[PDB]
Amino acid sequence: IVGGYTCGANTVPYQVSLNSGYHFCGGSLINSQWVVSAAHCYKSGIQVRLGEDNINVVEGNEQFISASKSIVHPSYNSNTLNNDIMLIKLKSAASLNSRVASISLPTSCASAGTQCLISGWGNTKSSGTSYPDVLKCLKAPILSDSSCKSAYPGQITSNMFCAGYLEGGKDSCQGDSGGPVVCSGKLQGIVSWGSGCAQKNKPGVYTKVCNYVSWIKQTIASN
Ligand SMILES: [Ca+2]
């Protein structure tokens, strides 16, 4: 997260870190057995780490659970990044408490202008690399579809939205992918792609989760 602030220990209790020997992508806990992340975060050998704040220090509230099944969206296109979403089933149910909680899926999509919270352990610099060990948060609005499309002409589908600041300075970045975008208590986006991080007129592009809720509900009930 570039230009964000330290969230504070377990203030984003639905945030998960996907780990394969090291943090590589975020994800969101949607109920005690299921996590959703970005499809481009797919790997076999994923351990889901819940209750994390410093990902390098065992602070006591963590739960580390292996994934037993990953399901990438049936229409994910790695060339366009259209339908960049996947579901991960945990080997055993997470214990839900104050530090570890699920986020609700949306009943409706959000509109341009809605303020959202984006969080992750990704790169904190627009030029250079500095990885934080504690969770960073960013408050950012959903931008209009024409702002989005003008920044990335011919690259935005109806399953994407932009959020951020066209002036730059504040954005998600590498290491944040698959992480949550929550607006009014609902999971509305998944950190997916962008051009560089926090550059002027290059806002972050997010998977629009409200288009996938019946696929999510149906898939988890049958797996
Ligand atoms: Ca930790």
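For this chain, numbers begin at 1 and follow the sequence in order. Side chains included, hydrogens not; waters and symmetry mates left out as well; all remaining heavy atoms used. Indexing begins at 1, ligand by ligand and atom by atom, following the structure's order.
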**Q.** Polar side chain donor-acceptor pair, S78 to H40, under 3.5 angstrom
**A.** no
Q | Sub-6.0 Å ring centroid separation between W121 and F24 | A | no
Q) If you look at every heavy atom in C183 and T114, which pair is closest and at what distance? A) CB-CG2, 3.7 Å
Q. Quick one: which of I55, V12, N54 gives a side chain to side chain contact (heavy atoms under 4.5 Å, CB included) with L135?
A. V12
Q.
For the Ca ion (ligand 1), which protein N/O/S atoms fall under 3.0 Å? Skip waters.
A. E52 OE1, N54 O, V57 O, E62 OE2
Q) Looking only at heavy atoms, which two atoms of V57 and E52 are closest? And how far apart? A) O-OE1, 4.3 Å
Q) Taking atom types as modelled and ignoring hydrogens, do the side chains of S172 and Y206 form a donor-acceptor contact shorter than 3.5 angstrom? A) yes
